[PDB]
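A structural model of the following input is requested.
(6 chains)
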Amino acid sequence: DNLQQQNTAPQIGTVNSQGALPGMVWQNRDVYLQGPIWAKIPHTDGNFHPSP
Amino acid sequence: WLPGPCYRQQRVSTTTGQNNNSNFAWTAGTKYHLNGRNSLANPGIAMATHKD
Amino acid sequence: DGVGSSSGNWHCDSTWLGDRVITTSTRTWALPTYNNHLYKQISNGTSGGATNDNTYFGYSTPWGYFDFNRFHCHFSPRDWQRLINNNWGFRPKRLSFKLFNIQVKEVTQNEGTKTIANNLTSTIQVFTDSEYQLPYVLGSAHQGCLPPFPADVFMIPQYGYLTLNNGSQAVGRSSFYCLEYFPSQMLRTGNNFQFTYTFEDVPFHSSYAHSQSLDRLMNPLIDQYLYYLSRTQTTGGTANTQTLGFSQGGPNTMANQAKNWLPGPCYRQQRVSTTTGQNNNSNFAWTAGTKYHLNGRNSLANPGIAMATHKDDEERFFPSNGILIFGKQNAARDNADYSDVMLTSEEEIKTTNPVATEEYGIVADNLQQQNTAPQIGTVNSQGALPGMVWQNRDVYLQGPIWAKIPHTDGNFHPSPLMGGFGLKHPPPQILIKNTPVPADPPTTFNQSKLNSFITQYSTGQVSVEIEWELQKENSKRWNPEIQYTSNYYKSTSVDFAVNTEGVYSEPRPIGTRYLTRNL
Amino acid sequence: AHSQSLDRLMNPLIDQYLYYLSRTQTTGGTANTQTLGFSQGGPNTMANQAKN
Amino acid sequence: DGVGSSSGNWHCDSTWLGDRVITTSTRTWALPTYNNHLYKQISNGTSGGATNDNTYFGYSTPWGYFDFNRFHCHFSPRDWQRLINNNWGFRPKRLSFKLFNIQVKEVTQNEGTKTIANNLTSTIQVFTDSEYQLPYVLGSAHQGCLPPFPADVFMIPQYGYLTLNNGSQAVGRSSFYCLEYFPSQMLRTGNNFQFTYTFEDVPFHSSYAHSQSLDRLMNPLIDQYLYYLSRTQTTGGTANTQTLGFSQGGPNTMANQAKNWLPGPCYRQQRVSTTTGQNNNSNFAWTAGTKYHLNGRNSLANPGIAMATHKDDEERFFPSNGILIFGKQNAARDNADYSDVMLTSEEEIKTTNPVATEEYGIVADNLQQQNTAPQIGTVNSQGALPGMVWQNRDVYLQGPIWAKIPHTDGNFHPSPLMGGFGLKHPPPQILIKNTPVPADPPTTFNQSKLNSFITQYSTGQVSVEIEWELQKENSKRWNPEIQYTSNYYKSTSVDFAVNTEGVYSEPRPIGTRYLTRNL
Amino acid sequence: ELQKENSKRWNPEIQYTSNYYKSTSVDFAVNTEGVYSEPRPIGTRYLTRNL
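Residues are numbered from 1 along each chain as shown, chains lettered A, B, ... in the order given. Below you will find the coordinate block:
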């Protein structure tokens, strides 16, 4: 959170929402016997990892 | 490597004696703001439900 | 190849071929002598009034370059009206180029009398940098393009580049580029220069506004089969306790239903109004701006990522540095008025992108218990999440066309923030120069270099032809669309035409997004 | 190593054709009020120019 | 072949092809009118202040010659850095040459007003002396080469030669060379001149420093099998008598071991220090120099044979006339300071060559007996012995390239002392001249020659391409080498680039010997 | 597999070099007891390219 010195204690900050960083890995949500199957990707200019 | 992305949400318990005594289903929800409307991020991105 | 025979013809036309359009434009240029044929070092430091954010180090060359990286150099306003009304997309395919009718003239000033006469045996030097071994200046939105109106004569800019610095001082990784270390072609009057380029594959430009929003992609008549949490406290009276209650999403609770996608990324900016009575009474253009911090410098995020300008019924608000601003005819350079600029607006993308002056959402902050009230947190800047969709910034009749993607290890969605076509091998720079001609040397030998020259300049024509590829419109909408139209009532002078003194002027910015498509 | 930086990819000699907001309050004296003023990016204000 | 069509293009590039490198350079020249189209006799005698060592006799011609006998006319500093870091040798193979874009202009001065106009029907005369029938001026390290930086315009020198003399007077074996007794080609504007040359076979240039010395070519672990004389007098006490004692060379007596080779030749010079407080307080530049006596003249041995400059930990010493000294930018002609010159150093050859400021060795002087102590003698100058090895002087980025071996009956190791490639048929001289154009002759006849001319000058381009052959590096060294590097810290301006006023400057001399090879 | 360098820079580059002055022992070589040692980390980025 800040720049520690001889007269300043170091402070921290908690991240609640974090976007994509280089080097991340993740898993998608599981499907179910009574869940949906497909969905239509909307025709736009860009998207990031188009899974429903 | 890093873990996947995060978009934090509120914790609620199935045992009713451990929750707060207020109606927080809409006021404390996790939303996203589009065009001056507050829509509910449901079910949001794929994150694990509970730890051990 | 003679003196008394021309070397080209005036081509300026546009043909429409169903799924192609081929546009040609020819202008007349003039090239002065820059820096008296010298390379010079230019720099600016923290001494004086300059600050740390505005220091530079670089060089200035005697060369001049052609720039046509702007949309109205190829399209008349009627051709732009034909383009944006009947198509859903367009991208370039190939281009051509031709210099011809070179004339080199020289000027002599004695006793305040100025005589200009032909010089039949002097040359110019033109070449293209095809192998991308130079700094790339185009795509930085500078002046000195071709004129909009074909009956104007323009002046060719100067080439100069920047390198690394530490204040007004160079470092060990600086570079010096001598442009006479490249092979170039020398042309007398009666020679011509031409080449051909082929664009790479690049996505279509979305020339449509969506007719549907992300939060309203469902059926208004059928409930869902998928529950949500709705009640946590009972409603009987004063003795309310905890409970759990669930409900289905339906037609009357459409903010609570389960959805598949997210809006695009957000990087929040400051709101300023055009009505001056509603702003704060302080100077907040630089102190309250939206910046990004690189190498201990604060640079201005301008115009930032593609976000919508204003929400509904709020046409008087705009982000402080989040739009492209175009100047009118005879607007001043510094401290122009509001009535001398043309503010664009990107309200067509508010169905998927967030508003640039509002937050992204609300996230949780703590872990609620029996003795702790739940708290919330507002997100101002949000990066990419899985499942986002967004739209790019629109292009304009007087906006840029392409930009060069920097050769790095990685990038994320390489589209230029000013709008256009992000190419990894852009059309090459074309550099031009008059060859030096010395005055009389001394009769006795002297080892120093010569610095007495004959003052010259040169002029001629130039020609550019670009072939575009279209994408037709295939909708089944019943009611009519929205089209770009001209004004119907009478006026003092015709828009998009000359004045009574002969000065051409453009009245308004013209977007592209008029037709509609579903999500 | 790159021999050039992101914030310095422009021409040191030519102004831009693209304005930015520069002034919000007048500078006459004690009775300063609100206004709007715009300017062009140039060689001396290179932190304010429009970048890609 | 017309007026309005150019006759060549600007070629300036360098290509690397594994074991070749082909370098091209193109400049722009200008040629005045010399001596008003007259041959003249020039001489200097012992009358006045001149002495016997500085007399000459010769002629001065109206012609001008092209000189490119210098290394930086072909190599950029980056190309020189690529050359000297990865190779063990290089030699030239062939060259090319091309004059084009001739422009002949004339100048008229009336009432202090100077007007310069084209002259379309005047010529120039260029030819090459391929059969070596002229005096050879190149390879004498004169000025007037091509510029280092390609964006400069230079001036062409004047041709003149020397013959035999006795004071300021000729003798019967003098020669007069009229250059219009050779066939030459006449070029108007719209003509071009070109030829091709092929170098002969010549050894590679040793671009390496040895990593081993002559006195240390043995095994540090094994004794020899070969004795030496070590003791002559006994060591018991006061009554010491004569004896003979012998020992073996080993690891601790390595100055006494038997060796196979000798160091190179020596011709001793005077030591002078750069710190002025350590020199003598007298003017000894000419009285204490190292000379050679020819025909009753004392000429200065400059820079003499290739010897090492200084031994270890003595970087402040240099021989008084044994090195090449280069001037900085804007250094004066006479009486420059120490901080306006660049002193080279040849310390890389101290593993085989002697130090230039120390003796060669110690030899005997008499025949010792029972009543005669043995004496020694110090050798200051030593010619060639059987079994010597040596190294040549290094070449530089701003040093010469070739020199012509004089056609004599014999020579010993014909390499030039200034460094480079000793060729017996060097690249030919290229002489150029403006043809005279008379003013109006009289109406009545007069037998005298004409001496009223129109004053002219001419200008154009020139192009040189030389193909070099390389020798790759094939060592098995484990630790890293020494490389030529640029400075890492910040500075006021970039080295090897232009100033803020447009003047190019070279900061330091750059050698060649950086990689290492064993003996 | 390599990728060659194709720049048109005029002034010289920055190169990795060894030390010129004298020292107690040679870097990147053995000790007097036979133990090999590396003195410094060596990067890769020395040549320059434009953006």
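
C-alpha only now, for contacts and for neighbours.
Fine.

would residue A:22 count as being in a helix?
No. Counting by DSSP: H, G, I helix; E, B strand; the rest coil, residue A:22 is not found in a helix; it is coil.

spatially nearest residue to the spatially most central residue of chain A, not counting backbone neighbours?
Nearest to the geometric centre of chain A sits residue A:19, at 4.1 Å (CA atoms, centre = their mean). Closest residue in space to residue A:19, ignoring its immediate chain neighbours: residue C:383 at 4.5 Å, by CA to CA, 6 or more residues apart in numbering or on different chains.

ok, that neighbour - contacts?
Residues in contact with residue C:383 (CA atoms under 8 Å, 6 or more residues apart in numbering or on different chains) are A:18-20, C:265-266.

of those residues, closest to chain F?
Closest approach to chain F among the contacts of residue C:383 (CA to the nearest CA): residue A:20, at 24.6 Å.

ok, that closest one to chain D distance?
Applying CA to the nearest CA, to the nearest Å, the value for residue A:20 to chain D is 21 Å.

with residue A:46 instead?
Noted for residue A:46: a distance of 18 Å to chain D, by CA to the nearest CA.

what's across from that residue in the sheet?
Bridge pairing for residue A:46 (DSSP bridges) gives the partners residue C:390.

dump stretch A:32-52 to CSV, restricted to CA.
Only the C-alpha atoms of stretch A:32-52 are listed here, as CSV (Å, rounded to 0.1, in the frame of the first residue of the first chain):
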residue,chain,number,x,y,z
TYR,A,32,-25.6,-31.3,-14.2
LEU,A,33,-28.3,-33.8,-15.1
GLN,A,34,-30.9,-31.1,-15.0
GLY,A,35,-28.8,-28.2,-16.1
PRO,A,36,-28.5,-26.5,-19.5
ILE,A,37,-26.4,-27.7,-22.4
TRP,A,38,-25.5,-24.8,-24.7
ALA,A,39,-25.7,-21.0,-25.0
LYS,A,40,-25.2,-18.6,-27.9
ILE,A,41,-22.1,-16.3,-27.8
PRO,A,42,-23.3,-12.8,-28.6
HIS,A,43,-22.0,-11.4,-31.9
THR,A,44,-19.7,-8.7,-30.7
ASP,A,45,-16.2,-7.3,-31.4
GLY,A,46,-14.4,-9.1,-28.6
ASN,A,47,-14.8,-11.6,-25.7
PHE,A,48,-12.6,-13.2,-23.1
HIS,A,49,-12.9,-17.0,-22.7
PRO,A,50,-16.4,-17.5,-24.0
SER,A,51,-17.8,-20.1,-21.7
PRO,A,52,-21.3,-19.6,-20.2
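
how far does it sit from its chain's centre?
17 Å (CA atoms, centre = their mean, to the nearest Å).

roughly how far out does stretch A:6-19 sit from the chain middle?
Distance of stretch A:6-19 from its chain centroid, counting by CA atoms, centre = their mean, is 19 Å.

could I get it in PDB with only the CA atoms?
What follows is stretch A:6-19, C-alpha atoms only, in PDB (Å, rounded to 0.1, in the frame of the first residue of the first chain):
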ATOM      1  CA  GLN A   6      12.900   4.500   8.500                       C
ATOM      2  CA  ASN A   7       9.900   6.400  10.100                       C
ATOM      3  CA  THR A   8       7.000   4.700   8.300                       C
ATOM      4  CA  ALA A   9       5.600   1.300   9.100                       C
ATOM      5  CA  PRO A  10       4.700  -0.800   6.000                       C
ATOM      6  CA  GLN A  11       1.000  -1.200   5.200                       C
ATOM      7  CA  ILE A  12      -1.000  -3.900   3.300                       C
ATOM      8  CA  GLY A  13      -4.100  -3.900   1.200                       C
ATOM      9  CA  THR A  14      -6.700  -6.600   0.600                       C
ATOM     10  CA  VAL A  15      -7.900  -7.300  -2.900                       C
ATOM     11  CA  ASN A  16     -11.500  -8.300  -3.200                       C
ATOM     12  CA  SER A  17     -11.900  -8.300  -7.000                       C
ATOM     13  CA  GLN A  18      -9.000  -9.400  -9.300                       C
ATOM     14  CA  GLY A  19      -9.000  -9.600 -13.100                       C
END
